[PDB]
Amino acid sequence: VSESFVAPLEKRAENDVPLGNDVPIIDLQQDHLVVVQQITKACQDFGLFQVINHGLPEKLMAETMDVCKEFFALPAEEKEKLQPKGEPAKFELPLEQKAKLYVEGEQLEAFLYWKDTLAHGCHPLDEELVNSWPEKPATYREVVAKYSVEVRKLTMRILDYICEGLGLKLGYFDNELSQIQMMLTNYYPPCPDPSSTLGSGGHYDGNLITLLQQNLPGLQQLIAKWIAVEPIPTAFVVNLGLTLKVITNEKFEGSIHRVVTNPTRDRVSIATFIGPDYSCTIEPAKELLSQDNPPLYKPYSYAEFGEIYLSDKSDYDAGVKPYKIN
Ligand SMILES: CN1[C@H]2C[C@H](OC(=O)[C@H](CO)c3ccccc3)C[C@@H]1[C@@H](O)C2
Ligand SMILES: [Sr+2]
Ligand SMILES: [Sr+2]
Ligand SMILES: [V+3]
């Protein structure tokens, strides 16, 4: 690998990361109250859990993964149509909702992630948005339209379980706090030296909540002990974001996680990031505050948070450090 992709010594993955046997696998077809309670325990203690029997068609999951892998198999001449000015876009504001290929890294010891990313908005689905999506493969738009609607449906169910668990009214997040739905498809090609590379560096998701679909190993969670998140192809991995951490006044944990590279086989993952518009104000939910539970963050601009989050990776919570109070 070129030196571009060489991570700093302290950020490199150990070669023998154990399976996380205490990662909660939550069956959404249990009784309502049991689902609320198990989800609540997972959010308070871990911030990362898998959902099964989640009501999203397994057939559609397999079809979306097929069309995403078909996309990354396309020749250079097709992929160039998604590279503004002949190169991949950067994860910086303004973050546009039209489909683009992205490159990602850290600017500390500057290095690149061993990863290609397709990203686009998904909400609301209109003709203009879908017309900005990939033209090839032919089925991408119709498959990923159905997927994004279904994934949102599931995400809003999970948020309402979360509302019940916290004692917030149902629909608390069904507003400006869940307005942006970015779908990222990540392609990790084989890496000849996995010891010095990362598919994705350690991070909280900056948004509210993320659903991640995987069928191969590579996802790891920090619990300074890293563990491997068992890939269940028919499950979704639920990652609680830094925004939900702030809004719950740290009653919920955020998921700190990373992706390691593989020397022999490639990997494709699908991540749906739901969260606020860049115009939102984020603060601890007033309904939960008291003299016993005083706010640990002052109100802040999501845009202003966005800029720090995407640029400064000196600390996992660099984005929210300026707004910490008490
Ligand atoms: C490792 N990178 C982090 C930053 C960026 O994330 C995004 O692109 C999301 C998309 O919602 C975002 C969240 C919060 C603020 C801005 C962007 C791309 C990827 C993600 O896995 C998380
Ligand atoms: Sr190019
Ligand atoms: Sr177009
Ligand atoms: V993530």
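No value in this document is a laboratory result; all are computed from the given coordinates. Positions of Cβ are generated from backbone atoms using ideal geometry, with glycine treated the same way; all protein chains shown enter the neighbour counts.
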Could you go through region 190-205 and let me know if any residue there is surrounded by fewer than 20 Cβ atoms within 10 Å (Cβ to Cβ), within 13 Å of ligand 4 (Cβ to nearest atom) and small (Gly, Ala, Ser).
yes
Does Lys100 meet the test of being of a type in the set (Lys, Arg) and farther than 28 Å from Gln179 by Cβ?
no
On the phi < 0 side of the Ramachandran plot and not polar (S, T, N, Q): is that true of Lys90 in this structure?
yes
Suppose the filter is charged (D, E, K, R), away from ligand 2 (no atom under 16 Å from the Cβ) and in a helix (DSSP H, G or I); does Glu128 pass it?
yes
Given the structure, is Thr64 outside any strand (DSSP E or B), within 22 Å of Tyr187 (Cα to Cα) and not acidic (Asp, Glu)?
yes
Of the residues that make up region 176-185, is at least one away from ligand 1 (no atom under 16 Å from the Cβ), more than 16 Å from the chain's Cα centre (by Cα) and either of a type in the set (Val, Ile, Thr) or over 19 Å from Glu63 (Cβ atoms) (or both)?
no
Residues located in region 272-283, provided they are surrounded by fewer than 22 Cβ atoms within 10 Å (Cβ to Cβ) and closer than 21 Å to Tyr316 by Cβ:
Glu283
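For (1) away from ligand 4 (no atom under 16 Å from the Cβ); (2) outside any loop (DSSP other than H, G, I, E, B); (3) at negative phi, each residue gets a yes or a no:
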{"site": "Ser269", "(1), (2), (3)": "no, yes, yes"}
{"site": "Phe273", "(1), (2), (3)": "no, yes, yes"}
{"site": "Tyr278", "(1), (2), (3)": "yes, no, yes"}
{"site": "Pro284", "(1), (2), (3)": "yes, no, yes"}
{"site": "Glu287", "(1), (2), (3)": "yes, yes, yes"}
{"site": "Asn293", "(1), (2), (3)": "yes, no, yes"}
{"site": "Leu310", "(1), (2), (3)": "no, yes, yes"}
